[PDB]
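For neighbour counting, all protein chains shown are included, and Cβ atoms are generated from backbone atoms with ideal geometry for every residue, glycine included. Values in this text are rule-based calculations from the coordinates and carry no lab data.
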Number of protein chains: 2
Amino acid sequence: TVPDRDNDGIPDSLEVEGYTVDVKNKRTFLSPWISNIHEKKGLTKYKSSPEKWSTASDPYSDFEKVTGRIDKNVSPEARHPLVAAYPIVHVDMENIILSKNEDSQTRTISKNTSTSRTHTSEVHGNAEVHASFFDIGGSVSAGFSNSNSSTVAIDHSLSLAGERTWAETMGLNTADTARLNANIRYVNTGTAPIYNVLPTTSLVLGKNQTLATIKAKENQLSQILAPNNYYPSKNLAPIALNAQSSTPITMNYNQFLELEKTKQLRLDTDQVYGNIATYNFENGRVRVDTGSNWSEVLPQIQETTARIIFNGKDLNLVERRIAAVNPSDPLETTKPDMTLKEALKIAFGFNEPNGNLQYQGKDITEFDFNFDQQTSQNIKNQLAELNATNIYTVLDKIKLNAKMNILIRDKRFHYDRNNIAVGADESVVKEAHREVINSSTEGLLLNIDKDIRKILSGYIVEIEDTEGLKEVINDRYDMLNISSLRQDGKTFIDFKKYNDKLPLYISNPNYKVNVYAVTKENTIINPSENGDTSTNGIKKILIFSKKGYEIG
Amino acid sequence: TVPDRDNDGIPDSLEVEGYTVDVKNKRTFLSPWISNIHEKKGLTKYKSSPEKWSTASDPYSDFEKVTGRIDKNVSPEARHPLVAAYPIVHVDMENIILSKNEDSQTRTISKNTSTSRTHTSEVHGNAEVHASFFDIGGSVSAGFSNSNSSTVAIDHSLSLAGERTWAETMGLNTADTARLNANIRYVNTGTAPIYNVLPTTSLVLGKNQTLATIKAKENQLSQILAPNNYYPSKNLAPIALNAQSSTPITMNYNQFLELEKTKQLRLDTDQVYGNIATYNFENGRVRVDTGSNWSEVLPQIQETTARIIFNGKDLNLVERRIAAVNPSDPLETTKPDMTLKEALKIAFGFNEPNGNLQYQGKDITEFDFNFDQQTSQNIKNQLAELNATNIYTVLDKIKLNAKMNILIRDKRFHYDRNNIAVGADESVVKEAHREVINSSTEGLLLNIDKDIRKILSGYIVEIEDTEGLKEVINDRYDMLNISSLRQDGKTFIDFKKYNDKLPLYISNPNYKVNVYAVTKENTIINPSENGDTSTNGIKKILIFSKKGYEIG
Ligand SMILES: [Ca+2]
Ligand SMILES: [Ca+2]
Ligand SMILES: [Ca+2]
Ligand SMILES: [Ca+2]
């Protein structure tokens, strides 16, 4: 007869005053908090809400989570009563292949691609926006909202010899059509899995030119789209666009032209995910209830939580929602008060090693805090009634309210319009290369930092004469593609890839092999107004500079 | 009113402190462990978990198993509460038949094939892998994961007389298409059976060139895909690809060319298996519940167990999962602690004859232990807090945690990239042939070891002059096909198959009939850069060498 309105299985008090679970003999006991014996064994203080079957709203009873009696695929950090357990999928495009719409074998270009979830914010402050921008809900996207939108970029490097302008390469003239094709893979980034129907992602080019809308058959697949796990298992064959169909991908000269002008496409994905997999106390089985589909129980999550975009695990924007609270909602008050600090602890995993809220090493002060038009005030008003100018201090005293949005990104590197790892400062850059493993007339072998290397477009190999000459090897913007990468974790550079497949030429072993680095933000992808295919107008960074006798 | 949360029918204690079942009069009694009377009659100590309907997760109540009240097809070793009872099917291709896409009768090649489940691991340490390799879940296949992928090889031997280059044999020119066809059979290797819908296996060629996707109609068959039992009962007619259809298998000259260059295809199979067959206490019947399909209750197994790939029953990688435990999961702690030792006992059948954990004869020390990036540490940390360098010792003290992967393979033979019985050392090789049964001018009859013979491509028949000549009979790489095999278990060699159908020619009964053996790893399948169809560049092994008068 123990009091429990929620009916989830966690006696009100316990769920309000704090609780957790351990295993005596070999049984699981749900017991109240005990700062003593408990905080020692390493457990946690699971304080949830008594009036909600799942404080997060997601299809998983607070109990179901902590107890562990739930779909084993649910992300760990989501096994907690206050961490959203919803799926988030975006589309990755590994490589595309442009060809002249039907002896043709070399009349086709095939470049690789780099995809990465995005989170486009607002502009600077001049973009002419329609009057319907300062209305209620109208156009007020608050900078960023709910919707998955990935972004790919086409390898701007070379594929053949002296190729120039995809045009002449393929042979496309005004009255011609080019067919696009590519290999893409769905990949879940959230905290929950999808068991059947995948999303209906649409491929766009530019600001509205849709090139197609990919939505592979429903129920057709029984595979599982688990968290942090690419759909077509990385150990399988990546799905291929219109190539396995009766109407391919049409692209006219003008379009095919733009593609080259930016070498980038966009991928927007809906949210219609297959039904959900739930528990079943009776015989402890994992079933897919045709009666519960995210499309029903998902908006709630977004309407009663705090969203935080952090990028620590890598530079890829990771999303997570915490069980925040709303004042206007009685029920939503039954929720446990939330603090920005506590949040970053369960949401992603920040910890307090020696009393400093850091992340696997980095200090919470190494990341910039960016809020939306709303969240801004809601927090400003707190920093006010708390007398302070530094949030990193009163951090553990910031109340997170539902609908709150926060963007925690590493303060090291610079960021673009989509919030992507663009390129840091020369300082950090150089540092990452300070290490050397093997210098050769063939190519340098370094142990460059991953987090850094990801913001580098390429390297410019040159040679400075003992006087002051700037002779450069791969002098064409498209000759930056050199940096390789052994599976041992060491970046292997090669000068030979752009010098008649032959090693360096040292007429005088007293020169200076100057190998620079070019961050993405700086790198160029197309010739100048004229035909300057040179590395003249670039902002590279000195990464190497050894003498002729200081190599071999 | 006996305590039993799981509700499976095994009183908590019993299931935690150990239990088993026997038959008094003619009834089945579920009783607690008794080292005395019990361990004598030959029973076992079935220690399962009280909070899971089926500790393994599979659709079979711990009780249902031990009690025996379950689908009688379930593999024996799976009748145990801690051994996964899931199905695992891969596709075997007995023989293919290449022909020129539609007087044509000899313009067709028909070679046999050798299929075998695989388990592709990682490379050496240089394969340029995309940056998305050192991310979370991204590309981190951890070497090997969940997915069935078989591999076939095409008989590189001869079919006709002086045939050469399938090309001229069939008559395929640049502007031609070749149609492929073959006879394949589904075969279950797991521990559970499939009662209806078979898997959707896709036939691939190379690294991504899919030649077709076979998925015979659903419900079309009512036959059962029982464990260790080929689908189309070995005593029936093997299923045939596109041959019983409106769109065959297209293959252009360039492709048909590659096929010849490797003489091997790949077979990947999904996991969508038909619904499951469950019990029914009421009238003790075996029914197929449309409400429970593996696709629902199967991921769990892989998310809450230990996977061990052993190859003792043969050289074919056998998979099995044991009811391991996970620390982060309360429920999954209710499980019985697992030890690598105990595992290899129930998982495959290792036993302790005189105190040495061996397998049907071989000692646990005759197999190499290979773990994944994860499992490696999880075990290293144990060998650390246990002070030891040899795992074979502290074997019975290694805690197996869920998601753990282990590869136990015979240490005798060498292994490839797919973990297949390639070829051992000359030593072991020679040994297997030390036995002779009948020497003749026609062919040798031996009782070569099965485990060995499986790593042999063929034999080179030659004759050494009393001086030092190396005259070889079947001197062409494609003339290795000689070793036959009587159903009596004795390998019958024949020199006649490559000598005008006539027996040996002994001009001087004092020579040395040197018959070598060529392991798969060494054997060649195509001519050299030139046209060296000889056995010149080979690494054979001396298996025979008798005198002219020491035969007949
Ligand atoms: Ca409750
Ligand atoms: Ca509750
Ligand atoms: Ca029980
Ligand atoms: Ca049980």
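Only residues that are under 18 Å from A:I460 (Cβ atoms), at the interface with chain B (Cβ under 10 Å from one of its Cβ atoms) and not hydroxyl-bearing (S, T, Y): list them for region A:474-492, please.
A:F492
Do you know which residues across region B:287-333 are in contact with a helix residue (DSSP H, G or I) (Cβ under 7 Å, 6 or more places away or on another chain), more than 12 Å from every other protein chain (Cβ to nearest Cβ) and of a type in the set (A, V, I, L, M)?
Selection gives B:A306, B:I308, B:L315, B:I322.
Scan region B:523-543 residue by residue and report those that are crowded, with 17+ Cβ neighbours inside 10 Å and out of contact with any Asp or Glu (no Cβ under 6 Å at 6 or more places or on another chain).
If the condition is that a residue be crowded, with 17+ Cβ neighbours inside 10 Å and out of contact with any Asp or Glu (no Cβ under 6 Å at 6 or more places or on another chain), then B:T523, B:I524, B:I525, B:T533, B:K540, B:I543 are the ones that fit.
Which of the residues that make up region A:113-123 are assigned to a loop (DSSP other than H, G, I, E, B) and of a type outside the set (D, E, K, R)?
A:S114, A:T115, A:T118, A:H119, A:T120, A:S121, A:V123
Suppose we filter region A:60-105 for residues that are touching a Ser or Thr at 6+ places or on another chain (Cβ under 6 Å) and among the aromatic types (F, W, Y); how many remain?
Matching residues across region A:60-105 total 1.
Could you say whether any residue in region B:438-446 is among the β-branched types (V, I, T), touching a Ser or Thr at 6+ places or on another chain (Cβ under 6 Å) and part of a loop (DSSP other than H, G, I, E, B)?
no
Residues being aromatic (F, W, Y) and crowded, with 18+ Cβ neighbours inside 10 Å: count how many of those fall in region A:280-318.
Counting residues in region A:280-318 that are aromatic (F, W, Y) and crowded, with 18+ Cβ neighbours inside 10 Å gives 2.
Would you point out which residue out of B:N354, B:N418 is within 14 Å of another protein chain (Cβ to nearest Cβ), surrounded by fewer than 20 Cβ atoms within 10 Å (Cβ to Cβ) and more than 29 Å from B:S54 (Cβ to Cβ)?
Of B:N354, B:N418, the one residue that is within 14 Å of another protein chain (Cβ to nearest Cβ), surrounded by fewer than 20 Cβ atoms within 10 Å (Cβ to Cβ) and more than 29 Å from B:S54 (Cβ to Cβ) is B:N418.
Quick one: A:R321 ticks every box in (1) out of contact with any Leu (no Cβ under 8 Å at 6 or more places or on another chain); (2) part of a strand (DSSP E or B); (3) surrounded by fewer than 21 Cβ atoms within 10 Å (Cβ to Cβ) bar one, so which box is it?
(3)
Could you give me the residue pairs with C-beta distances under 8 Å whose first residue belongs to region A:378-399 and is over 21 Å from A:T304 (Cα atoms), whose second residue is part of a helix (DSSP H, G or I) and hydroxyl-bearing (S, T, Y) wherever it lies, and which are 6+ apart or on separate chains?
A:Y392/A:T365
Residue under question is A:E77, and the condition is that it be within 12 Å of ligand 1 (Cβ to nearest atom) and not small (G, A, S); does it hold?
no
Restricting attention to region A:1-58, which residues are exposed (fewer than 14 other Cβ atoms within 10 Å of the Cβ), away from ligand 1 (no atom under 16 Å from the Cβ) and of a type in the set (D, E)?
Within region A:1-58, A:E39 is the sole residue that qualifies.
What are the residue pairs meeting all of these: first residue in region B:47-73, first residue more than 22 Å from B:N401 (Cβ to Cβ), second residue within 15 Å of ligand 3 (Cβ to nearest atom) and charged (D, E, K, R), Cβ atoms under 6 Å, and 6 or more apart or on different chains?
Matching pairs, first to second residue: B:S61/B:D8; B:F63/B:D8; B:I70/B:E64.
Please specify each residue of region A:105-136 satisfying the condition of being hydroxyl-bearing (S, T, Y) and touching a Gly at 6+ places or on another chain (Cβ under 9 Å).
The initial filter retains those residues of region A:105-136 that are hydroxyl-bearing (S, T, Y), namely A:106, A:108, A:110, A:113-116, A:118, A:120-121, A:132.
Matches in region A:105-136: A:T120, A:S121, A:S132.
Across region A:433-473, what is the number of residues that are buried (at least 21 other Cβ atoms within 10 Å of the Cβ), within 14 Å of another protein chain (Cβ to nearest Cβ) and among the aliphatic types (A, V, I, L, M)?
4
For region A:228-238, what are the residues that are more than 7 Å from chain B (Cβ to nearest Cβ) and either buried (at least 21 other Cβ atoms within 10 Å of the Cβ) or polar (S, T, N, Q) (or both)?
A:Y231
Of all residues in region B:32-59 being closer than 17 Å to B:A324 by Cβ and among the hydroxyl-bearing types (S, T, Y), which is nearest to the chain's Cα centre (by Cα)?
B:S57
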